[PDB]
Visitor: 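First, the structure itself, so that you have it in front of you.
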Amino acid sequence: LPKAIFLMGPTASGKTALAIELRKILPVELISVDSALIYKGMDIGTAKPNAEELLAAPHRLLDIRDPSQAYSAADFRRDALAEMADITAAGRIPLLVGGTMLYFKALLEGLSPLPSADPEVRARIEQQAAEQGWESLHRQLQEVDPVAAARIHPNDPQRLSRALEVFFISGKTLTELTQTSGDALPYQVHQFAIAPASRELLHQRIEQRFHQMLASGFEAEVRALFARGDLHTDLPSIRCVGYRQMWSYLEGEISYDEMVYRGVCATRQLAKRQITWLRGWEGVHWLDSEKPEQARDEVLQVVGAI
RNA sequence: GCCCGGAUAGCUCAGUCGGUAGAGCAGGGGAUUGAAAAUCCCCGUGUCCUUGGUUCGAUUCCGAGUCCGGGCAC
Ligand SMILES: [Mg+2]
Ligand SMILES: [Mg+2]
Ligand SMILES: [Mg+2]
Ligand SMILES: [Mg+2]
Ligand SMILES: [Mg+2]
Ligand SMILES: [Mg+2]
């Protein structure tokens with residue numbers, strides 16, 4: 001029953017600023033919960049905290065992967081669980097910060113044990129999709145596992161491939177393995193969510209930030225990655241907002257003005273989904289990004305002195 | 001100045017053999033178990049620029065005006 005804090009929130013919601021200000025009055029250690037901040041070399045498009053901020057408040061799980069190696073909600077959970085153990089072992093409190101809700105969830109509720117990704121069976125699935133379409137595969141999942149086929153839409157290639165993969169590797173069906181649940185988070189958690197008061201102030205912040213990034217050398221950063229020659233668009237790192245568009249721009253597929261437009265829209269569509277996650281998230285305390293930055297007080301009380 | 005194209009959804013455009021119109025993008029909502037900043041589901045009424053003419057009926061055809069792209073000319 002150790003204590004832990006979750007500081008969730010969409011992009012451009014001032015999450016980071018709040019976490020370090022909290023580090024000031026609470027014995028907390030920061031753990032980054034972000035599928036893109038894990039990459040080395042991806043610093044400005046990911047809104048990664050700068051060296052000075054990191055100097056003040058060290059973050060765990062930052063720069064732990066090369067953009068060529070994918071991460072997962074499961075690896076995060078493992079690494080997070082371990083990091084939390086270390087932190088609480090030192091008499092302090094884990095403060096998990098980020099906007100990757102699926103990770104927060106996997107950590108909180110756990111994940112039913114399933115086989116990890118197998119490049120080989122996925123290549124075979126991709127090949128059969130190019131030949132017969134994702135339809136033949138959905139019709140095949142329908143035979144072996146129809147609970148899943150009713151949930152997964154025939155147009156969702158990621159989930160479809162995933163449900164077949166699990167079966168082709170284990171022989172056991174996806175709905176069957178998921179009957180066994182994962183280990184819940186053995187902590188007492190205080191969950192907070194912070195966002196600007198209006199959807200449109202969020203949009204303004206997203207737009208002005210994108211421009212600050214371009215002004216800070218974002219293009220140069222993405223080019224260094226483009227020049228490596230070993231990265232591609234089926235990699236999570238290259239599909240990150242901003243990066244995917246800039247990649248299209250470097251490839252000569254779109255113009256500069258067009259890249260800026262799509263990056264901003266992509267960032268807004270991302271924010272919109274993060275809010276969809278937070279809506280209905282159980283036990284969440286809402287805070288406000290706009291000036292109520294002095295929201296550390298609501299935190300202060302919900303968590304009470306520690 | 002003259003000629004030729006455009007002008008229809010917040011943007012880029014289709015379309016209507018004349019019976020008041022629909023895609024994509026933007027935007028909104030919702031899913032979400034090892035790629036998740038991903039992947040996917042659902043939501044389309046707008047003076048069809050204006051004005052005359054023909055017509056039961058015009059955004060649609062024809063004239064004219066206005067604005068926007070080009071071209072010709074100075
Ligand atoms: Mg047209
Ligand atoms: Mg007709
Ligand atoms: Mg309509
Ligand atoms: Mg949309
Ligand atoms: Mg008329
Ligand atoms: Mg007319």
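These numbers come from the heavy atoms of this one structure, side chains and all, not from hydrogens, waters or symmetry mates. So you know, we letter chains A, B, ... as the sequences are listed, proteins then strands, and number each from 1.
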Visitor: Counting Watson-Crick and G-U wobble pairs only, both distances under 3.5 Å, name the nucleotide matched with B/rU39, or none.
Guide: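 Paired with B/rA31.
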
Visitor: Heavy-atom count around A/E143 CD within 6.0 Å, excluding the residue itself: above 12?
Guide: yes

Visitor: Between B/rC49 and B/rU8, how many Å separate the two P atoms, rounded to a whole number?
Guide: 6 Å

Visitor: Would you say the bases of B/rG15 and B/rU16 stack, taking the criterion to be ring centres below 5.5 Å apart together with planes below 30 degrees?
Guide: yes

Visitor: Grab the two heavy atoms, one from A/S136 and one from A/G133, that are nearest each other, plus how far apart they are.
Guide: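 Closest approach of A/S136 to A/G133, heavy atoms only: OG-O, 2.8 Å.
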
Visitor: Mind checking if B/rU47 and B/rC48 stack, meaning centres of the six-membered rings less than 5.5 Å apart and planes less than 30° off?
Guide: no

Visitor: Can you tell me if NZ on A/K172 sees more than 12 non-hydrogen neighbours from other groups inside 6.0 Å?
Guide: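 No, not enclosed.
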
Visitor: Based on whether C1'-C2'-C3'-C4' is positive or negative, which pucker family does B/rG69 belong to?
Guide: north

Visitor: Write down the distance between CG (A/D34) and P (B/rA38), rounded to a whole number of angstrom.
Guide: 11 Å

Visitor: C1'-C2'-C3'-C4' for B/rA21: north (positive) or south (negative)?
Guide: north

Visitor: Scan every strand shown for a Watson-Crick or G-U wobble partner of B/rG69, both distances under 3.5 Å, and answer none if you come up empty.
Guide: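 Pairing partner: B/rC4.
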
Visitor: Which heavy atom of A/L37 sits nearest to which heavy atom of A/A47, and what is that distance?
Guide: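 So the minimum-distance heavy-atom pair works out to CD2-C, 4.3 Å.
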
Visitor: Taking the P atom of each, how far is B/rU45 from B/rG22, in whole Å?
Guide: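 Taking atom P in both B/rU45 and B/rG22, they lie 8 Å apart.
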
Visitor: Please name the pair of heavy atoms, one in A/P196 and one in A/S13, separated by the smallest distance, quoted to 0.1 Å.
Guide: CD-CB, 4.3 Å

Visitor: Quick one: do the A/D79 and A/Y71 side chains pair a donor with an acceptor below 3.5 Å?
Guide: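 Distance-only check passes for A/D79 and A/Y71.
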
Visitor: Just how far, in rounded Å, is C1' of B/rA38 from NZ of A/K105?
Guide: 16 Å

Visitor: Name the pairing partner of B/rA9, where a pair is Watson-Crick or G-U wobble with both distances under 3.5 Å, or state none.
Guide: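 For B/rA9, the partner nucleotide comes out as none, under the 3.5 Å rule.
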
Visitor: Once you look at the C1'-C2'-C3'-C4' sign, would you call B/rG65 north or south?
Guide: north

Visitor: Closest approach of A/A4 and A/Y187, non-hydrogen atoms and distance?
Guide: CB-CD2, 3.8 Å

Visitor: Can you tell me how far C1' of B/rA38 sits from CZ of A/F76, to the nearest Å?
Guide: 16 Å

Visitor: Need one value for A/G45: base, sugar-phosphate or nothing, where a base atom within 4.0 Å counts as base even if backbone is also close, heavy atoms only.
Guide: base

Visitor: Do the six-ring planes of B/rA23 and B/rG24 sit under 30° apart with centres under 5.5 Å?
Guide: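 By the ring-centre and plane-angle rule, B/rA23 stacks on B/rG24.
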
Visitor: Mind telling me if B/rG27 is north or south by its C1'-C2'-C3'-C4' torsion?
Guide: north

Visitor: Any strand counts, and the cut-off is 3.5 Å on both contacts for Watson-Crick or G-U wobble. Which nucleotide pairs with B/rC74?
Guide: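 Base partner found: none.
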
Visitor: Taking syn as a glycosidic torsion within 90° of 0 and anything else as anti, which one is B/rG10?
Guide: anti

Visitor: Closest heavy-atom contact between A/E221 and A/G45?
Guide: OE1-N, 3.5 Å

Visitor: Any protein N or O atoms within reach of nucleotides 34-36 of chain B? Criterion: under 3.5 Å, listing atom names and distances.
Guide:
| unit_1 | atom_1 | unit_2 | atom_2 | d |
| --- | --- | --- | --- | --- |
| B/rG34 | OP2 | A/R162 | NE | 3.1 |
| B/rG34 | OP2 | A/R162 | NH2 | 3.3 |
| B/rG34 | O2' | A/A117 | N | 3.4 |
| B/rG34 | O6 | A/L114 | N | 3.1 |
| B/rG34 | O6 | A/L114 | O | 3.3 |
| B/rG34 | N1 | A/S112 | O | 2.9 |
| B/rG34 | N1 | A/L114 | N | 3.3 |
| B/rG34 | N2 | A/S112 | O | 3.2 |
| B/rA35 | OP1 | A/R122 | NH1 | 3.3 |
| B/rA35 | OP1 | A/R122 | NH2 | 2.7 |
| B/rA35 | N7 | A/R122 | NH1 | 3.2 |
| B/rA36 | OP2 | A/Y103 | OH | 2.6 |
| B/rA36 | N7 | A/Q158 | OE1 | 3.4 |
| B/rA36 | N1 | A/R159 | NH2 | 3.2 |

Visitor: Find which nucleotide of RNA chain B each of A/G110 and A/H153 is nearest to by heavy atoms, and output the residue with the more 5' nucleotide.
Guide: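 So the residue in question is A/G110.
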
Visitor: Using nucleotides 12-14 of chain B, report all nitrogen or oxygen pairs with the protein that are shorter than 3.5 Å.
Guide:
none

Visitor: State the pairing partner of B/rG63; accept Watson-Crick or G-U wobble contacts with both distances under 3.5 Å, and report none otherwise.
Guide: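 Check on B/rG63: paired to B/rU51, both distances under 3.5 Å.
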
Visitor: In whole Å, I'd like the distance from the CG atom of A/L137 to the P atom of B/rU39.
Guide: 18 Å

Visitor: State which residue, out of A/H153, A/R159, A/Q158, fulfils the side chain to side chain donor-acceptor pair (under 3.5 Å) condition with A/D156.
Guide: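 Among the candidates, only A/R159 passes.
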
Visitor: Other members of the hydrophobic cluster containing A/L137, with the 4.5 Å side-chain heavy-atom rule, please.
Guide: A/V121, A/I125, A/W134, A/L141, A/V144, A/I152, A/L160, A/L164, A/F167, A/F168, A/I169

Visitor: What protein N or O atoms touch nucleotides 27-29 of chain B N or O atoms at under 3.5 angstrom, if any, and at what distances?
Guide:
| unit_1 | atom_1 | unit_2 | atom_2 | d |
| --- | --- | --- | --- | --- |
| B/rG27 | OP1 | A/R268 | NE | 2.8 |
| B/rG27 | OP1 | A/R268 | NH2 | 3.1 |
| B/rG27 | OP2 | A/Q269 | NE2 | 2.7 |
| B/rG28 | OP1 | A/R199 | NH1 | 2.9 |
| B/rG28 | OP1 | A/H203 | NE2 | 3.2 |
| B/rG28 | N7 | A/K272 | NZ | 3.1 |
| B/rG29 | OP1 | A/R279 | NH1 | 3.1 |
| B/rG29 | OP1 | A/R279 | NH2 | 3.1 |
| B/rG29 | OP2 | A/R199 | NH1 | 2.8 |
| B/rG29 | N7 | A/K272 | NZ | 2.8 |

Visitor: Are A/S255 and A/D257 linked by a side-chain donor-acceptor pair shorter than 3.5 Å?
Guide: no

Visitor: Is it true that the neighbouring bases B/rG28 and B/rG29 have six-membered rings whose centres sit under 5.5 Å apart and whose planes meet at under 30°?
Guide: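 Between B/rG29 and B/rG28 there is base stacking, as the criterion is defined here.
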
Visitor: Check this for me: does the side-chain of A/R273 come within 3.5 Å of the base of B/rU39 through a donor and an acceptor?
Guide: yes

Visitor: Check the distance between B/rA37's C1' and A/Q274's CD and give it to me in whole angstrom.
Guide: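 Interatomic distance, CD of A/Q274 to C1' of B/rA37: 7 Å.
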
Visitor: What pair of heavy atoms forms the shortest contact from A/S116 to A/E165, and how long is it?
Guide: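 That closest heavy-atom pairing would be O-OE1, 4.0 Å.
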
Visitor: When we call it a touch if two heavy atoms are under 4.0 Å apart, what does A/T11 touch: a base, just sugar-phosphate, or nothing?
Guide: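 If one applies the 4.0 Å heavy-atom cut-off, A/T11 turns out to touch nothing in the nucleic acid.
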
Visitor: Rounded to whole angstrom units, what separation is found between the CG atom of A/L164 and the P atom of B/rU33?
Guide: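 So the CG-P distance, A/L164 to B/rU33, works out to 15 Å.
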
Visitor: Starting from P on B/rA37, measure out to CG on A/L62 and report it in whole angstrom.
Guide: 15 Å

Visitor: Please give, in whole Å, the distance from B/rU39 P to A/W134 CH2?
Guide: 13 Å

Visitor: For a side chain to side chain contact (heavy atoms under 4.5 Å, CB included) with A/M246, tell me which candidate from A/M259, A/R223, A/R262, A/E251 qualifies.
Guide: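 Per the side chain to side chain contact (heavy atoms under 4.5 Å, CB included) rule, the option paired with A/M246 is A/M259, out of A/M259, A/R223, A/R262, A/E251.
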
Visitor: So what's B/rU16 paired with, Watson-Crick or G-U wobble, going by both distances under 3.5 Å?
Guide: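 Check on B/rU16: unpaired, no WC or wobble geometry under 3.5 Å.
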
Visitor: For A/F226, which residues count as a ring pair (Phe, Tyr, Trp, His ring centres under 6.0 Å) partner, sequence neighbours excluded?
Guide: A/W247

Visitor: Mind telling me if B/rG19 is north or south by its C1'-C2'-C3'-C4' torsion?
Guide: south

Visitor: Can you check whether A/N155 has a side-chain N or O nearer than 4.0 Å to OP1 or OP2 of B/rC41?
Guide: yes

Visitor: Do B/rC56 and B/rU55, which sit next to each other in the strand, have six-membered ring centres within less than 5.5 angstrom and planes differing by under 30°?
Guide: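 No, the six-membered rings of B/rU55 and B/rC56 do not stack, since they fail the test of centres under 5.5 Å and planes under 30°.
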
Visitor: Mind checking what makes side chain to side chain contact (heavy atoms under 4.5 Å, CB included) contact with A/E53, not counting sequence neighbours?
Guide: A/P49, A/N50

